[PDB]
Structure formats: structure tokens, C-alpha cells
Amino acid sequence: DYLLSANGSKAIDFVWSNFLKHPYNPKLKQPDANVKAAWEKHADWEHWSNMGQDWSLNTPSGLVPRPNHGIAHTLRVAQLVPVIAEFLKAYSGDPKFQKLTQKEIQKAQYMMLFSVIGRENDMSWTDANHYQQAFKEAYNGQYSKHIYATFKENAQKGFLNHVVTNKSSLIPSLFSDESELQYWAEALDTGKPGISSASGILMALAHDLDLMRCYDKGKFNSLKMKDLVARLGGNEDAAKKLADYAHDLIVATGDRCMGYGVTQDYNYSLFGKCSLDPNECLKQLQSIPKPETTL
């Protein structure tokens, strides 16, 4: 509901125009020859080609950059936030979800719009660690700045640039004061915030659910589904209805689904409409009914 608010739509337009519609960084497409060789020594690491994975996607309506972390992904994880929050209040039994206010839910949803704007490639945190160590091995202990640290500062500066000229709209209708705005500026990280509070968990589950778009069924059920079921008081049925909703949002945007339910490849036509026009993407997400807490 808040994605249609004045603050929400403005944040959506900002992250799209300034970050999400722009290509990745060519320098971070692959490691150098030396780092590659050190990377290739670890036959237990995923290949260094992870830095170049999901660079862009060809589509009837145009070339879609960062297809795995674009506007479609961003809008979905935001759409999931208030829905998951209502499922947690009903099925968790955990007091800190009960103390979650509507205001905090709106902020959590708002912050997820900035969750992946700092990315310069599609590599994971586990991939970025591999780069740093492989770099260190190839150059005998030489320091290299962690790529996700660069991602965070990029996202921060983007967030700071937006909120600084819209303080009157954000405070106090969304953020109570500048200090609470300061809290989220420091908490903002790639994918999910570094906090483990009520809002932090809520935002983490939204990010985790949408990972069914790029995770195989085996990895998704083991790494993501179990703690979602565990978060809802071991209610696999409630977790299923939530995952069904995340699935339907992905299908609605023509995105690929690999880890849950009726899997599918890209719908290049539909995915292109949504990935190149946030309002068209939002319109598709609105075609899916909000799941009620009852089974």
C-alpha cells in the first residue's frame, strides 16, 4: 500500500533512474589473470565466472541490465514485506514480531527499495570473499577492499542523496526524526540489512523468498525455506502460502523461477515490460491478491 504513497513512488523513481536501470561495472566482470589462477586452485569454490553471471538479458523490448537484481526484484521484495509481517504476527509466537508497528513495517518496505542499488556485479557475498582471498594469495598478502564494502558505501551515498532533499516528506510521516533516518542509513546493506531485529528479520525473509528466482530447488529448500518455516512456528503450510505468493509475483513479472513450485524460464516479453518500466512492473504485482493469514 505504501509503495503507492508519495514517499514510496519517489523512492522507486529515484532508485530506478539513478541505479537500477544502469549497466554493471565492466571492471568487476572478471578477475585478472593472476587472481583467476589463484581462484582456480580452490576446486571447492564456485567458478570466478560468477562475477560475470547475470550481466544482462536480451529481450523483445530492449536490453535488460542486471536482470537478477533489477527493478523487478526490488519491487517484489518490497511488496513481500508487509505481507510477511502479517504472517509473522499470526504464526511466529515471537514477542518482537508482536511489537512490530505499522510505521516500522512501512520503513522496512521503504528501505528494501535501496537494498541492491549499490551492486556493480551479480556476485554473492560468498563470491566476494573468494575474490579477496584469491587476490591475497595471488599477490602474497596484498590488501584488496572487499567488494561488498564498496557496494554498501555506494548504496549509502545513493540513499543519503535521496533523503537529504526530501526530509520534510519523510519526517515525521515515515521516519520520526533524523536519528532514526541515521539508523537505517548505517543499517542499509546489500540484500538485507546487517541488523537482526524485528524489522531486520522481516526484510531478510523478503530477500530470502525472492531468491527462488535464481536458486535451485535443493538449495532453496535447504537454505531459505527451513528458517521461514521455523520463523512461522514450524507451520509449513503458512510458509507455503507465502512462498506461493512470492512465486506468483515472480511469474507476474515474467521472471525466472527455479527453486519453488511450478518453475519456469524467463518470459522475455513480459520480463522486458516489467524490467524497463517500474509502473508496468508494479501493475503486474498488483494483479496478485494479497494473501490472508488464514489457510
# chains A, B, ... in the order shown; residues from 1 in each chain; ligands from 1
call {"tool": "residues_around", "arguments": {"residues": "residue 12 in chain A", "least_positions_apart": "6", "cutoff": "10 Å", "atoms": "only C-alpha atoms", "output": "VMD selection string"}}
result
chain A and resid 3 to 4 20 71 74 to 75 110 113 to 114 278 to 279
call {"tool": "write_last_selection", "arguments": {"atoms": "N, CA and C atoms", "output": "PDB file, in the first residue's frame"}}
result
ATOM      1  N   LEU A   3       3.816   1.562  -1.196  1.00  0.00           N
ATOM      2  CA  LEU A   3       4.560   1.704  -2.442  1.00  0.00           C
ATOM      3  C   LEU A   3       3.856   2.669  -3.392  1.00  0.00           C
ATOM      4  N   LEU A   4       2.589   2.955  -3.108  1.00  0.00           N
ATOM      5  CA  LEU A   4       1.816   3.888  -3.916  1.00  0.00           C
ATOM      6  C   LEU A   4       1.762   5.267  -3.266  1.00  0.00           C
ATOM      7  N   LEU A  20      19.270   1.392 -10.810  1.00  0.00           N
ATOM      8  CA  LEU A  20      18.792   0.088 -11.255  1.00  0.00           C
ATOM      9  C   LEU A  20      18.690  -0.087 -12.772  1.00  0.00           C
ATOM     10  N   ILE A  71      14.842  -3.749 -11.311  1.00  0.00           N
ATOM     11  CA  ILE A  71      13.672  -3.109 -10.724  1.00  0.00           C
ATOM     12  C   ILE A  71      12.594  -4.123 -10.327  1.00  0.00           C
ATOM     13  N   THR A  74      13.573  -5.720  -7.021  1.00  0.00           N
ATOM     14  CA  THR A  74      13.465  -4.706  -5.979  1.00  0.00           C
ATOM     15  C   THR A  74      12.019  -4.483  -5.543  1.00  0.00           C
ATOM     16  N   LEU A  75      11.118  -4.399  -6.515  1.00  0.00           N
ATOM     17  CA  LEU A  75       9.707  -4.165  -6.229  1.00  0.00           C
ATOM     18  C   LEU A  75       9.038  -5.368  -5.568  1.00  0.00           C
ATOM     19  N   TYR A 110      10.095   0.468   2.705  1.00  0.00           N
ATOM     20  CA  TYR A 110      10.762   1.596   2.074  1.00  0.00           C
ATOM     21  C   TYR A 110      12.254   1.328   1.882  1.00  0.00           C
ATOM     22  N   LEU A 113      13.747  -0.846  -1.024  1.00  0.00           N
ATOM     23  CA  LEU A 113      13.887  -0.234  -2.341  1.00  0.00           C
ATOM     24  C   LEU A 113      15.340   0.147  -2.617  1.00  0.00           C
ATOM     25  N   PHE A 114      16.130   0.262  -1.553  1.00  0.00           N
ATOM     26  CA  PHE A 114      17.536   0.638  -1.666  1.00  0.00           C
ATOM     27  C   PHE A 114      18.460  -0.549  -1.394  1.00  0.00           C
ATOM     28  N   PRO A 278       9.051   0.465 -14.326  1.00  0.00           N
ATOM     29  CA  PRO A 278       8.638   0.179 -12.946  1.00  0.00           C
ATOM     30  C   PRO A 278       7.123   0.204 -12.762  1.00  0.00           C
ATOM     31  N   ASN A 279       6.445   1.144 -13.413  1.00  0.00           N
ATOM     32  CA  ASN A 279       4.996   1.256 -13.284  1.00  0.00           C
ATOM     33  C   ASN A 279       4.259   0.080 -13.913  1.00  0.00           C
TER      34      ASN A 279
END
call {"tool": "residues_around", "arguments": {"residues": "range 236-238 of chain A", "least_positions_apart": "6", "cutoff": "12 Å", "atoms": "only C-alpha atoms", "output": "list in words"}}
result
residues 83, 84, 86, 87, 88, 89, 90, 91, 92, 221, 225, 226, 227, 228, 229, 230, 244, 245, 291, 292, 293, 294 and 295 of chain A
call {"tool": "write_last_selection", "arguments": {"atoms": "C-alpha atoms", "output": "PDB file, in the first residue's frame"}}
result
ATOM      1  CA  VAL A  83       2.593  -9.436   3.720  1.00  0.00           C
ATOM      2  CA  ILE A  84       5.269 -11.413   5.579  1.00  0.00           C
ATOM      3  CA  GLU A  86       1.239 -10.128   8.967  1.00  0.00           C
ATOM      4  CA  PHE A  87       2.124 -13.820   8.709  1.00  0.00           C
ATOM      5  CA  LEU A  88       4.761 -13.426  11.406  1.00  0.00           C
ATOM      6  CA  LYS A  89       2.328 -11.777  13.825  1.00  0.00           C
ATOM      7  CA  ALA A  90      -0.046 -14.716  13.413  1.00  0.00           C
ATOM      8  CA  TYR A  91       2.262 -17.745  13.248  1.00  0.00           C
ATOM      9  CA  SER A  92       5.593 -16.893  14.898  1.00  0.00           C
ATOM     10  CA  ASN A 221      14.524 -25.559   0.360  1.00  0.00           C
ATOM     11  CA  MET A 225      12.622 -22.400   3.232  1.00  0.00           C
ATOM     12  CA  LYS A 226      13.539 -24.047   6.546  1.00  0.00           C
ATOM     13  CA  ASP A 227      14.120 -20.856   8.532  1.00  0.00           C
ATOM     14  CA  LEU A 228      10.962 -19.384   7.031  1.00  0.00           C
ATOM     15  CA  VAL A 229       9.006 -22.411   8.247  1.00  0.00           C
ATOM     16  CA  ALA A 230      10.881 -22.128  11.541  1.00  0.00           C
ATOM     17  CA  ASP A 244       3.200 -19.365  -3.313  1.00  0.00           C
ATOM     18  CA  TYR A 245       2.713 -15.597  -3.193  1.00  0.00           C
ATOM     19  CA  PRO A 291      -2.609 -13.486   0.877  1.00  0.00           C
ATOM     20  CA  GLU A 292      -4.731 -13.549   4.024  1.00  0.00           C
ATOM     21  CA  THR A 293      -3.291 -15.237   7.106  1.00  0.00           C
ATOM     22  CA  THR A 294      -5.929 -17.984   7.096  1.00  0.00           C
ATOM     23  CA  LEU A 295      -5.428 -21.352   5.384  1.00  0.00           C
TER      24      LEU A 295
END
call {"tool": "select_by_dssp", "arguments": {"residues": "range 36-235 of chain A", "states": "alpha helix (DSSP H)", "output": "PyMOL selection string"}}
result
chain A and resi 36-39+71-91+95-98+102-111+125-138+147-163+167-170+178-187+198-209+217-220+226-231
call {"tool": "atom_distance", "arguments": {"atom1": "CA of residue 218 in chain A", "atom2": "CA of residue 263 in chain A"}}
result
12.9 Å
call {"tool": "closest_residue", "arguments": {"among": "A:250, A:138, A:276, A:149", "to": "residue 79 in chain A", "atoms": "only C-alpha atoms"}}
result
A:250
call {"tool": "closest_residue", "arguments": {"among": "A:117, A:233, A:257, A:35", "to": "residue 142 in chain A", "atoms": "only C-alpha atoms"}}
result
A:35
call {"tool": "residues_around", "arguments": {"residues": "range 150-161 of chain A", "least_positions_apart": "5", "cutoff": "8 Å", "atoms": "only C-alpha atoms", "output": "list in words"}}
result
residues 114, 115, 116, 117, 118, 119, 120, 145, 185, 186, 188, 189 and 190 of chain A
call {"tool": "write_last_selection", "arguments": {"atoms": "C-alpha atoms", "output": "compact mmCIF listing (two decimals), in the first residue's frame"}}
result
# COMPACT_ATOMS: atom_id res chain seq x y z
CA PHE A 114 17.54 0.64 -1.67
CA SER A 115 18.63 -2.93 -0.90
CA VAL A 116 20.52 -3.67 -4.13
CA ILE A 117 21.28 -0.25 -5.66
CA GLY A 118 24.96 -0.45 -4.74
CA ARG A 119 25.72 -3.58 -6.76
CA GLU A 120 28.29 -3.32 -9.56
CA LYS A 145 38.98 -3.70 -0.45
CA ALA A 185 21.50 4.78 6.66
CA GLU A 186 24.05 2.80 8.67
CA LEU A 188 21.49 -0.28 4.80
CA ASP A 189 23.43 -3.13 3.18
CA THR A 190 23.31 -5.26 0.03
call {"tool": "atom_distance", "arguments": {"atom1": "CA of residue 62 in chain A", "atom2": "CA of residue 287 in chain A"}}
result
23.7 Å
call {"tool": "closest_residue", "arguments": {"among": "A:80, A:28, A:181, A:33", "to": "residue 205 in chain A", "atoms": "only C-alpha atoms"}}
result
A:80
